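Visitor:
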Amino acid sequence: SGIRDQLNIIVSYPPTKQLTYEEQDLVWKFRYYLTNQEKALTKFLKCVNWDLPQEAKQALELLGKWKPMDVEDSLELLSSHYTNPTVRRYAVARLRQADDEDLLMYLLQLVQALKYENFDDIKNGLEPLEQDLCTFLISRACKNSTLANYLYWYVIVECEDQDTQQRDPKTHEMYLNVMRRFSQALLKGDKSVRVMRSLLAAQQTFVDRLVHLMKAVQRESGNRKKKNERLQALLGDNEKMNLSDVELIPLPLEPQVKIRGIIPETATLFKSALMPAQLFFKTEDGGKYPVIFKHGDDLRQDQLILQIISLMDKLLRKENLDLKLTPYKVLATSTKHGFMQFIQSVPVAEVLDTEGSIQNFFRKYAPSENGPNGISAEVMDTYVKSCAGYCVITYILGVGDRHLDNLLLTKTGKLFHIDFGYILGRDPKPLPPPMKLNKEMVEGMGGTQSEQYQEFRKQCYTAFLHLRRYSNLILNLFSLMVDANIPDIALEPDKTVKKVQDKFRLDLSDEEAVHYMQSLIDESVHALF
Ligand SMILES: Nc1ncc(-c2ccnc(Nc3ccncc3)n2)c(CC2CC2)n1
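For reference, each letter of the sequence shown is one residue, going 290 to 417, 471 to 871 in the deposited numbering.
#1: Could you have a look at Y812 and say whether DSSP puts it in helix, strand or coil?
#2: Quick check: what's the CA-CA separation for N325 versus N297?
#3: Contact between the region 535-550 and the region 503-522 is defined here as three or more beta-carbon pairs at a separation below 8 Å; is this criterion met?
#4: Evaluate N712 with the Cβ neighbour count: other Cβ atoms within 10 Å of its Cβ, from every protein chain shown; 16 or more gives buried, anything less gives exposed.
#5: Which same chain residues end up closer than 6 Å to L349 when comparing Cβ atoms and leaving out the 5 residues on each side of it in sequence?
#6: Taking the straight line between their C-alpha atoms, what separation do you get for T790 and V784?
#7: Distance, Cα to Cα, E782 vs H745?
#8: What residue does the beta strand (DSSP E) around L750 start on, and which one ends it?
#9: Mind checking whether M859 and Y803 have CB atoms under 8 Å apart?
#10: Any heavy atom of ligand 3 closer than 7 Å to the Cβ of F622?
#11: Pull up the DSSP beta-bridge partners for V672, would you.
#12: Applying the 10 Å Cβ sphere with the 16-neighbour rule, what's the burial state of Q347?
#13: Using the three-state DSSP reduction, which class does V633 fall into: helix, strand or coil?
#14: When you measure from the CB of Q313 to every non-hydrogen atom of ligand 1, does any distance come out below 7 Å?
#15: Closest by CA to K613, which one among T668, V839 and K636?
#16: What are the boundary residues of the beta strand (DSSP E) that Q620 is part of?
#17: What first and last residue would you give for the alpha helix (DSSP H) that runs through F408?
#18: Is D695 close to ligand 1? I mean its beta-carbon at under 7 Å from any heavy atom of the ligand.
#19: In the DSSP assignment, what residue or residues form a beta bridge with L518?
#20: On the CB-based measure, 16 or more other CB atoms within 10 Å of its CB, does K727 come out buried or exposed?
#21: So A805 and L673 are in contact, right, with Cβ under 8 Å, and what is the actual spacing, rounded?
#22: If you reduce the DSSP assignment to three classes, tell me which class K600 lands in.
#23: From which residue to which residue does the alpha helix (DSSP H) around residue 877 run?
#24: State yes or no: is the C-beta of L364 within less than 8 Å of the C-beta of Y379?
#25: Does the beta-carbon of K845 have 16 or more other beta-carbons within 10 angstroms, so that it is buried, or is it exposed?
#26: Please tell me whether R551 and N580 are closer than 8 Å, where the distance is taken between their beta carbons.
#27: Between which two residues does the alpha helix (DSSP H) harbouring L694 extend?
Here you go:
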């Protein structure tokens, strides 16, 4: 039997690779032989004409007898492609074997995946073991405060979405029903479950008041110094604003952190057009949590990229590879405003302007005599690792608008990227390089002939080989985002996944891919001359 060779190629395919008429009839011919292969069920379900009552009936029979698929593959079954109630329930049942830690990593996409669900089932669950996506998400949210906090904010922003409201009123109403269903489930739950609902309410009003505070500061006609004094004044008045002192509510940005209020004196506005605020949150244990509060911007694209960077960091750490990345938290509280976790760092542009180079900066704040080029071995290892991680991650996500004001550096050697306005190949200038690696980074690791540069390339291959192994999960997650109001996705929804897939070079073998990665680093470093 030599047919199993061509058959195994079809099974190993990416989730978004369309099966040809020939491949389709080959999978449908050998269905029963494939019931022992789990990664095959995925390929089997896309051969079925679900509009044919006889064909669907036999397929649902095979589903039952089939070796259950991994959580990662069940995500495909929740995309717009499947409408079969039984296939969608099967996906929920497989997603259920995953723990809350993995579930949270997928929550952003699953809230999107609700627009592919039965809208009538969602509405009818409202008061006048085999759950749908809505029922499952609420079920898990009632048992986990962290899960419930993100479910609240991810859904509220979709309700608030005015573009969805006018261009698709059916979808907007479904999300209001998802919110109503969640609120209903919380009020019907235990003593612990019912307090969760008032905590979400408290956070909502805190955000509402914080929004109002931002608008009140702009009433002050004066300069930034006068605007800052205005911000600090209003923040001190807890009778009026009620933001310096509040009952310990979870921080929307990181719900595991409970807060007492915002320190009024250390609160300032950033020198930028939209003037976002830098706010220090008093935690329950007397600590400080710096946040950026942005009003007049849609953080949903940055929220998606940072959620993917977080997943890629977790996947790499799981493979015993800590590339010292900065997956800072981003939570959108509206389509008009949101939070970002503040990381203490210096933009690479300010590094050059004040110290001349990265290596000078490193020598100033972290010197070591026997260390490479007079810099600490720990700081240098951190920098080489982070450069590598970000080089591969930005390449995969096709991050544009890379300039030295949105490349940040820490004194501990951590290098990270911010502001993901241009993603999936888009850039302000035409013909962008596929590898975003500038001369400043190369010079920081001691030039193209250093041992650090060789380690950097090595780390790049490792990271690229590890992330390619997780392409199925990443591509499934991006596939659930196709119809989301994410600017760089909404431009070409139908072409989005393919833009990510091509970066993996899944056509090449592990050895060929390392060759491609080493040449791509070569050609980009070459172009810098
Ligand atoms: N769009 C955007 N995306 C991310 C960040 C961000 C996120 C996390 N940490 C930091 N840190 C710094 C940044 C600039 N200078 C020092 C630290 N910045 C920022 C910078 C804030 C001025 C608005 N903007």
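Every residue, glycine too, gets a C-beta built ideally from N, C-alpha and C.
Guide: On the basis of the coordinates in this document:
#1: coil
#2: The alpha-carbon atoms of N325 and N297 are separated by roughly 13 Å.
#3: Counting Cβ pairs under 8 Å, fewer than three are found: no touch.
#4: exposed
#5: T375
#6: 7 Å
#7: Between the alpha carbons of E782 and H745 lies a distance of about 11 Å.
#8: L749 to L751
#9: Yes, the pair counts as a contact, with Cβ atoms nearer than the cut-off.
#10: The model on display carries ligand 1 but not ligand 3.
#11: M682
#12: exposed
#13: strand
#14: no
#15: Nearest option by C-alpha distance: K636.
#16: Membership of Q620 in the beta strand (DSSP E) is indicated by the continuous run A619 to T625.
#17: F408 to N413
#18: no
#19: DSSP links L518 through a beta bridge to no other residue.
#20: buried
#21: Not really, about 27 Å apart at Cβ, beyond 8 Å.
#22: strand
#23: This structure cannot speak to residue 877, because the chain is shown only from 290 to 871.
#24: no
#25: So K845 ends up on the buried side.
#26: no
#27: It spans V690 to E697 - the alpha helix (DSSP H) in which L694 sits, taken as one unbroken run.
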